[PDB]
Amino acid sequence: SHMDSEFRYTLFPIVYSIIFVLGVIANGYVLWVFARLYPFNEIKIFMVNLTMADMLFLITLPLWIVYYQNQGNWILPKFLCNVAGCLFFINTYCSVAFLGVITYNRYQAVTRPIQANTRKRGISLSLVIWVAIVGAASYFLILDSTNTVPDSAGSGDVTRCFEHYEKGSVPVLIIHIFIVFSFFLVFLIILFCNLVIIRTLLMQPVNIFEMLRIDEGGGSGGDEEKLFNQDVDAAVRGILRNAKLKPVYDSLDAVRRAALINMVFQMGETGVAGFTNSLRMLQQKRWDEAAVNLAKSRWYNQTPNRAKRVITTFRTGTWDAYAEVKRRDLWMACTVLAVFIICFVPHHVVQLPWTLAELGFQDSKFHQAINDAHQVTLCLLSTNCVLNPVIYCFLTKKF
């Protein structure tokens, strides 16, 4: 029949049954959460496009349950197997692509925090990804999906679906090598991006460099905070060279000096020098009065979250304002990494040795072990339709 055969005919009918029911509930409810949202916009498109990918897979699951309940016999017409295989490839790589693009969006939102045609970009990208993956998945519709073999007992035959690999196929090896190398290349980008977001939003600023990294941004993680030190020193040099800003600056403590520096990085010496009254309240250590007067500016209307953070730093002289910043993003980063390492990485680790075993290039004792592993990763990869809807909690839930 097959190497891993024994348990696969029991595994998939149970595993895929749970997944079918949970995944149809989770993605169906997610289309209720999406519908009830008319007031993030770009991320919303990727999420809805990701659900569209899940629906395509979920609908094929009844066919796999029956195929495995029939001891691996594809009794329906051949093209329904072509379509089933095709939609599996679509689900997997649209999910890899849409999780990838959600990660990049959030990375740019944290790393570079600076039109309503952002929606036009989410739609533009989603289409590129669909054309790229549906185009690649189309090859599954031109293949001979099934192979007929004599049954072990009786007078019958067994019709396998996308299990047959012509012994020693070279295109198969090149295609499977490309996909795995392209996957871990994509996985490395995702891992780096989500670890930057996490690193940035976990590690609470204790200086002006870390403080301006949250509010203004800064690419990757380097120590050679030394280049940015130069920009701050040049900013302080000018502040002290300004008769309107020097008395206040000199009078302030190091944490409050950073808040003034922050303001200067945002609106410049010119901008900050036009806060005569608020600056006088600071020079006189009238923290609450200064804080209240600072909230009565256009700065507060224009950038409220940064203003609130800087005003708090002026009021308290502590870094508490930067303790739990952008938690929607911090949790998004963890969730995308969970969905990636759980669902996609196991399958992609097991993929190249299993293809080599299935092209015969590996021994019978290993071929049997890697086949068993393969059935487990194929189940892990299917949990994606139940797991990936969790990301919607970024849109709904507040911290």
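Counting begins at 1, following the sequence as shown.
Enquirer: What number of deposited residues lacks coordinates in the span between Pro39 and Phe40: none, 1 to 3, 4 to 9, or 10 or more?
Expert: Gap between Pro39 and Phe40: 1 to 3 residues without coordinates.
Enquirer: With respect to the deposited sequence, is there a break between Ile114 and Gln115 in this entry, and if so is it 1 to 3, 4 to 9, or 10 or more residues, or none at all?
Expert: Missing residues, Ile114 to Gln115: 1 to 3.
Enquirer: Select between 147-155 and 226-234 the stretch whose C-alpha atoms have the higher average B-factor in the entry.
Expert: The entry gives the higher C-alpha B-factor average to 226-234.
Enquirer: Would you tell me which stretch averages the higher CA B-factor in the PDB entry, 23-31 or 63-71?
Expert: Higher mean C-alpha B-factor in the PDB entry: 23-31.
Enquirer: Taking the entry's C-alpha B-factors for this chain, is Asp329 in the lowest, middle or highest third?
Expert: Highest third of the chain for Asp329's C-alpha B-factor.
Enquirer: Could you tell me which third, lowest, middle or highest, the C-alpha B-factor of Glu166 occupies within its chain?
Expert: Highest third - that is where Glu166 ends up once the chain's C-alpha B-factors are sorted.
Enquirer: So where's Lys285 on the chain's Cα temperature factor ranking, which third?
Expert: Within its chain, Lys285 is a lowest-third residue by C-alpha B-factor, going by the deposited values.
Enquirer: Could you place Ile197 in the lowest, middle or highest third of its chain by Cα temperature factor, using the values in the record?
Expert: Lowest third - that is where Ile197 ends up once the chain's C-alpha B-factors are sorted.
Enquirer: What third of the chain, by the recorded C-alpha B-factor, contains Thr276?
Expert: For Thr276, the deposited C-alpha B-factor lands in the lowest third.
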